[PDB]
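Colleague: sequence isn't available, so here's the structure alone:
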């Protein structure tokens, strides 16, 4: 991040400091949990609303020492009152604007927010799982503030979970009980806590909605796939992602050895000796090396992260992913609850800056071999069958004689988001009770109100709606400002939280309670639909045919002789 954008960051950190003090009240309150009492506090918003806030509630033992890389264990109860008015740590990660290694192994916490701890009618419970590539993120209110949702009559809960190699190391050897996915097992323990305890905060344990964006959407989808969570919640919203996305899972069992080597391990490629070495490592020294783990070939083949959700090499009682996600969709309990999914209208615009760090990325479009779905090709990307499928991708996105950055970003929208969603939709229609799935397309462009993902990416002053731009209208963050009620941004906040809150309440939106009257006819998607309809969310709300449909069909054609893999 430019020096200028780091100073501006610095000034705003110091002012969210002054400001959140101003917004704290002296109305402390105590809620009782299965593990002990917790002391929370009323906070105000800049819109002059109020909510009760409980931060830093443990849902698992601090995964330290011999618990490193292992499945979470339940936390230690307590007999007094636990001080839950300050956030705790975020999971160890590289600070995405500062470049410093930050955070703590002691990160397994959640936060609960509601505008009224005493309704006579328990409320819909919304659980947000943050994204961040499974490598960054937090539940701190300076990125994920509940100030907009607590206008609504909901309980909102923001969880943390382990990130990076500390969350997703995976080793083949069954002796060692590091099968992988510890971070998803964290999410499972958190959802079980929520199911068990949300009543003590006015929630309805029989009306929980899980939602997340990007890696949090893949997470929500995994929580809908695994038997570990069967019937723990009742609606899901997948915002720009799902578990079939190529970036959402990796067979990373060999990269523990690579990480150890990069940290100075000397010895054999032997799971035991490698784990012995990684167990004694200073935790920041591992996270600051995770950017050097992927080999150039892997980065060629479009592997995005070295450690992530994986298919677990053997069975344990805690196993979350026993099989590949398309295989899990077959028997998934979550296929049979109301679901909403969507993307933005120019997802791949997120990669603008990065084509400036490597502008010979564009030349990847000359054959497009590197974007062919991995299951259909080999690592080195030479084969003649990879070339023919690369040619159909190229037809779908290159729009003249020379490939362009614009074309590259359009392709990314499909490679990373729209095509995975289509595959999921079609696979799910064959393993579902028949409950509805609704589609949205977020297409509202405003840069008077932004969020920090725009800073990490150098995305200021760039027209169109990138991956992550929607988050601004759901969550308060420290770059936000009180907007006027008349403003297009304010009305979009009200629209988005209104729709999400309505869906959480009955599994459908029409919550005519809106500014956005109702010429909207928002049908779910049917099986014999050859074209998907979506609510396009701009200054207007209007149902349209997904403009991306034609390219989605061109990508599907790659499976014409491999339909069992689509």
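Modeller: Great, that's in hand. Numbers count the residues shown, from 1 in each chain.

Colleague: spatially central residue for the protein, please.
Modeller: By Cα atoms, centre = their mean, the mean C-alpha position of the chain lies nearest to residue 216, the distance being 1.8 Å.

Colleague: name all residues that make contact with that residue.
Modeller: 128-132, 137, 239, 241 (Cβ atoms under 8 Å, 6 or more residues apart in numbering). (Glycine included, C-beta is placed from N, CA and C.)

Colleague: hmm, try it at 6 Å
Modeller: The contact partners of residue 216, taken as Cβ atoms under 6 Å, 6 or more residues apart in numbering, are 129-131.

Colleague: and for residue 225?
Modeller: Residues near residue 225 by Cβ under 6 Å, 6+ apart: 328, 332.

Colleague: repeat that for residue 531.
Modeller: Going by Cβ under 6 Å, 6+ apart, residue 531 touches 545, 549.

Colleague: repeat that for 10 Å
Modeller: By Cβ atoms under 10 Å, 6 or more residues apart in numbering, residue 531 lies in contact with 525, 545-546, 549-550, 552-553.

Colleague: what does residue 174 give?
Modeller: Taking Cβ under 10 Å, 6+ apart as the criterion, residue 174 is in contact with 271, 313-316.

Colleague: how does it look with 7 Å?
Modeller: The contact partners of residue 174, by Cβ atoms under 7 Å, 6 or more residues apart in numbering, come to residue 314.

Colleague: I figured residue 119 hits residue 202, correct?
Modeller: Yes - Residue 119 is in contact with residue 202 according to Cβ atoms under 7 Å; the separation is 5.1 Å.

Colleague: between those two, who's got more neighbours?
Modeller: Neighbours around residue 119 and residue 202, counted as other Cβ atoms under 10 Å, are more numerous at residue 202. The numbers are 23 against 14.

Colleague: show me what contacts residue 330?
Modeller: Contacts of residue 330 by Cβ under 7 Å, 6+ apart are residue 431.

Colleague: swap the cut-off to 8 Å and go again
Modeller: 427, 431 are the contacts of residue 330 under Cβ under 8 Å, 6+ apart.

Colleague: distance of it from residue 431?
Modeller: According to Cβ to Cβ, to the nearest Å, residue 330 and residue 431 sit 5 Å apart.

Colleague: same check, this time on residue 298
Modeller: Residue 298 is 32 Å from residue 431, where distance means Cβ to Cβ.

Colleague: and residue 284, how many neighbours?
Modeller: Using other Cβ under 10 Å: residue 284 sits among 17 other residues.

Colleague: I should have written residue 153 there, sorry.
Modeller: Residue 153 has 15 neighbours, counted by other Cβ under 10 Å.

Colleague: likewise for residue 491?
Modeller: When neighbours are defined as other Cβ under 10 Å, residue 491 has 18 of them.

Colleague: if I read this right, it contacts residue 497, doesn't it?
Modeller: No - applying Cβ atoms under 8 Å, one finds residue 491 not in contact with residue 497, separated by 11.3 Å.

Colleague: so where's the longest helix in the chain?
Modeller: Longest helix in the chain by number of residues, with DSSP state H as the criterion: helix 3-23.

Colleague: give me the distance from that one to the chain's centre.
Modeller: On the basis of Cα atoms, centre = their mean, to the nearest Å, helix 3-23 sits 25 Å off its chain's mean C-alpha point.

Colleague: what lies in contact with it?
Modeller: Against helix 3-23 from outside (Cβ under 8 Å, 6+ apart): 1, 43-46, 97-98, 141-142, 455, 458, 460, 478-479.

Colleague: what's the answer for stretch 249-268, then?
Modeller: Residues outside stretch 249-268 that contact it (Cβ under 8 Å, 6+ apart) are 165, 168-172, 180, 218, 243, 269, 271, 273-275, 277-278, 281, 285-286, 289-290, 292-295, 303, 305-311, 313, 321, 324-325.

Colleague: for that stretch, buried residues please.
Modeller: Within stretch 249-268, the residues scored as buried using 16 or more other Cβ atoms under 10 Å are 249-250, 252-253, 255-263, 265.

Colleague: now do the end-to-end distance for stretch 89-107.
Modeller: By Cα to Cα, to the nearest Å, the extent of stretch 89-107 from end to end equals 5 Å.

Colleague: about what we covered before: top of the contacts of residue 216 by neighbour count?
Modeller: Counting neighbours by other Cβ under 10 Å, residue 129 comes out on top of the contacts of residue 216 with 27 neighbours.

Colleague: show me the contacts for it.
Modeller: By Cβ under 8 Å, 6+ apart, the contact set of residue 129 is 159, 161, 187, 210-212, 216, 219-220, 223.

Colleague: hmm, which two among those residues are most spread apart?
Modeller: Within the contacts of residue 129, 161 and 211 form the most distant pair, 14.9 Å apart (Cβ to Cβ).

Colleague: the more surrounded of these two?
Modeller: Taking neighbours as other Cβ under 10 Å, residue 161 and residue 211 compare with residue 161 leading, 29 against 22.

Colleague: now the phi/psi pair for the more buried one, please.
Modeller: Backbone torsions for residue 161, taken as degrees, to the nearest 10, come to phi -170, psi 160.

Colleague: thought it was touching residue 186?
Modeller: Yes - under the criterion of Cβ under 8 Å, residue 161 makes contact with residue 186 at 3.9 Å.

Colleague: quick check: neighbours shared by those two?
Modeller: Taking Cβ under 8 Å, 6+ apart as the contact rule, residue 161 and residue 186 both touch 108, 167.

Colleague: helices of the stretch 201-350 of the chain, residue ranges please.
Modeller: For the stretch 201-350 of the chain, the helices defined by DSSP state H, counting those that start in this stretch cover 215-225, 255-262, 271-279, 283-287, 296-300, 325-330.

Colleague: the stretch 351-500 of the chain: strands as residue ranges?
Modeller: For the stretch 351-500 of the chain, the strands defined by DSSP state E, counting those that start in this stretch occupy 437-442.

Colleague: buried subset of the contacts of stretch 249-268?
Modeller: 165, 168-171, 180, 218, 243, 271, 274-275, 277-278, 281, 286, 289-290, 293-294, 303, 305-311, 313, 321, 325.

Colleague: and whichever helix or strand residue 31 is part of, which strands flank it?
Modeller: In this assignment (DSSP states H and E), residue 31 forms part of strand 24-33. Strand pairing for strand 24-33, using DSSP bridges, gives strand 36-44 (antiparallel).

Colleague: chain center to the partner strand, what's the gap?
Modeller: The answer for strand 36-44 is 27 Å, by Cα atoms, centre = their mean.

Colleague: flag every buried residue along it.
Modeller: Buried residues in strand 36-44 (16+ other Cβ under 10 Å): 36, 38, 40-43.

Colleague: quick check, residue 178 in a helix?
Modeller: No - in this structure, residue 178 is coil, not part of a helix, as judged by DSSP: H, G, I helix; E, B strand; the rest coil.
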